[PDB]
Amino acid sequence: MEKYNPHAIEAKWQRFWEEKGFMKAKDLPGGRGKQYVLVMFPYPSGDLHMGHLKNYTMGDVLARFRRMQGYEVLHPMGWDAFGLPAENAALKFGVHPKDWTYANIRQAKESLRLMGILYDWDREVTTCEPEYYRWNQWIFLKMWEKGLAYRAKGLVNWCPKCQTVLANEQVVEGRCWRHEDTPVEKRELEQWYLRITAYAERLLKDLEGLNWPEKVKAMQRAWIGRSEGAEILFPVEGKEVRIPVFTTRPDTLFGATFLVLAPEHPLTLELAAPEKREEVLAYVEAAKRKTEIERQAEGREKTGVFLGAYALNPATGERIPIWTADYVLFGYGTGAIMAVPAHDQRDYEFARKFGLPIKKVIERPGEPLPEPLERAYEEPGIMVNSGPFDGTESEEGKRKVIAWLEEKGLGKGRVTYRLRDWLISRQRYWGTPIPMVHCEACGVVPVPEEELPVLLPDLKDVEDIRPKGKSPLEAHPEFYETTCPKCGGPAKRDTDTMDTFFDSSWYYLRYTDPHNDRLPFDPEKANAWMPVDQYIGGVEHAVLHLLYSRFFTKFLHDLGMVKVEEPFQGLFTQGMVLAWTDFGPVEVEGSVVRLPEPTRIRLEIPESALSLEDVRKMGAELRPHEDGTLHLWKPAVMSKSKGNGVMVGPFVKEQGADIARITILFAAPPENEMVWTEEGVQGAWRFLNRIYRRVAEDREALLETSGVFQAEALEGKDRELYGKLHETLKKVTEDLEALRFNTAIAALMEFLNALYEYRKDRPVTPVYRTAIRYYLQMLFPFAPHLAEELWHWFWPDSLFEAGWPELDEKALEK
């Protein structure tokens, strides 16, 4: 008897499914129900591996399942082809970005097609094409008109490797999101920002309902960081003015022993005593000579000048000195702060140096703070020496003080967020050009909507587009030299481009109307497919793409183009696929493993010595090598950098697509990480071989049998099989809906065993034929090629036309 052979049959069914267009999505979902199944589109910066395929196979499983149930399914694929990812990869190998991108796209398509993944390719989008980015420019103009896009000068994050500024979200642990080994630096530049802080409250509040993993919600809440602050008024002794001071710690008001004004604050010179005017003016002048960076410095000695003026602390009614000092920036709050040395380390050091009072008003839980205080206590505690507030917990105390201040007209509550506006401009060539013009007379002028797109100059010299500090477009007068759309005189086009995350913040909407050349998309089409019912992608995008996208959707909603305010109704973050990786030789002596420098560095750990227990605990193992030594192996995230990627092409050629699909889907719960292993591959083979063998063994008998029968007339093992069949259907259906793919496969393995057990006692019967029929249908989402192959041995149409088996509730009773 022949055995399962993946060769040839997979290519046959892949072409069949494509020709039939089973996964083509309707422009507008017929009244039967729709399912928008989306996977995060890839950066075409390299070859796809089984890691990417876990994410994309998960999407295909759900898409096939929903399509079989009768839903109109939108399951699209596209290319996040602009920005740093694509250009950094192309430039590393001295290749032109446009050539590199399309060659990579061609390869990615093959990898997806070879795995039996089906998308509605008619909705494909490539962000680096004018047909797409012209709409990025369109949206940019709308934000400009609505006060959400602006130009400002200030300190920004910069990566010397990318040779461009980076947004706050693109800085991970002080390192570049692309160059994890390169520390980000600071610079002073005038850039473009998107006022995402204008939606901070809605971004925070709208998280509550969301069917997203709590871990992602928590990361976004922490990133936004809503804070309870206050503006407090301090009356100046003998003067009319009451100095407004902003603080994030109103709970420490009773401990404010002095005020500090930024050198540039108008009141610094105005309030200076006559005898102090000379020293104050000199200090203010010296401060201005410094650069933003210089004053934004860290370890510089504390300096300052007493203005010779006093203010009254509104809470204690006590007199406190007013000083001006370099460590206070005018841009922070109101440019004036209340110093609380006991609870602010910066204030502590200044107080200690200039002999200013230090008063404790927040007590530390457990062991009380010592006297004298050797350093500030900045954590929450219990209010003390704070009049009627004594005994109140710090956090709640903030609210109480604010309520008191407002009631007495001494100040007002002021909410702030840690979230900062989004820096979108980049000094790179491969990106969307900013649709703005700089006129010497008019200032910054927007490009007319009708003139879009503002095409990227076709630079062919690779050495030319390479980033050296300024935007490559700054060396092309043929591009920027233009006329002002307002006055008509000579002007200069903006030379910076939009970061890649701009493109990806709305691509899922373009999929609903990929060919519209008048609007980014037609509201009617988008509102029919939105919101995304199930989005699948990595958690690494928690405060990047997953945050920016919500902002874009809320903005487009406010424009009246999108009905929903949340783009992804359901989000599932898949665990990473890992691969056993050799980190190098080690030496063992007793319970201690010595790690030579090369090995330690590859492992990226500080230990030069690990115990055998440490090695086990981190999931590593020591394997004898032919070089006569022992090497330390450990599962590492599958990626190019690690050089441990398992590519689709070579694997499916030697093994097969369904084998790879089962290996991935059965390894572990999809939300968890998994390790790609030979044992897993062998397991996939065993399962597929066992399915084929069961059907082949009964092929002849099945052909001469009808699948019609009366359930209530079944007896013995026949009735038992009928019950197990429906128990299995229910389990597999519910598991698929919750993306519990590995357990759905376990249920099919279990039911397959039941089929073998059944046949030991019973012959091929009508109920058995129906069980086989239902089995191939339930198998289709997981191993489609084999399911389609066996299905055709007995039935005419495709599994996509068979629908999803109907559950028999009564069969579940008892």
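Don't overthink the numbering: it's just position in the shown sequence, from 1.
**Q** For the stretches 624 to 632 and 693 to 701, which has the higher mean C-alpha B-factor as given in the deposited record?
**A** Between 693 to 701 and 624 to 632, it is 624 to 632 that shows the higher mean C-alpha B-factor.
**Q** On average, which has the higher Cα B-factor in the deposited entry, 216 to 224 or 485 to 493?
**A** According to the PDB entry, the answer is 485 to 493.
**Q** Based on the PDB record, which member of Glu613, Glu607, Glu201, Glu371 exhibits the highest Cα temperature factor?
**A** Highest CA B-factor of the listed options: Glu371.
**Q** Among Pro341, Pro472, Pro670, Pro76, which carries the highest Cα B-factor?
**A** Of the options given, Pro472 has the highest CA B-factor in the PDB entry.
**Q** In terms of the chain's CA B-factor thirds, is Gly33 lowest, middle or highest?
**A** It belongs to the highest third of the chain when residues are ordered by C-alpha B-factor.
**Q** Splitting the chain's C-alpha B-factors into thirds, which one does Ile322 fall into?
**A** Within its chain, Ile322 is a lowest-third residue by C-alpha B-factor, going by the deposited values.
**Q** Sorting the chain's modelled residues by C-alpha B-factor, tell me whether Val708 ends up in the lowest, middle or highest third.
**A** CA B-factor rank for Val708: highest third.
**Q** Based on the entry's values, in what third of the chain does the Cα temperature factor of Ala351 lie: lowest, middle or highest?
**A** For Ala351, whose C-alpha B-factor we compare with every modelled residue in the chain, the answer is the middle third.
**Q** For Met436, does the deposited CA B-factor place it in the lowest, middle or highest third of the chain?
**A** CA B-factor rank for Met436: middle third.
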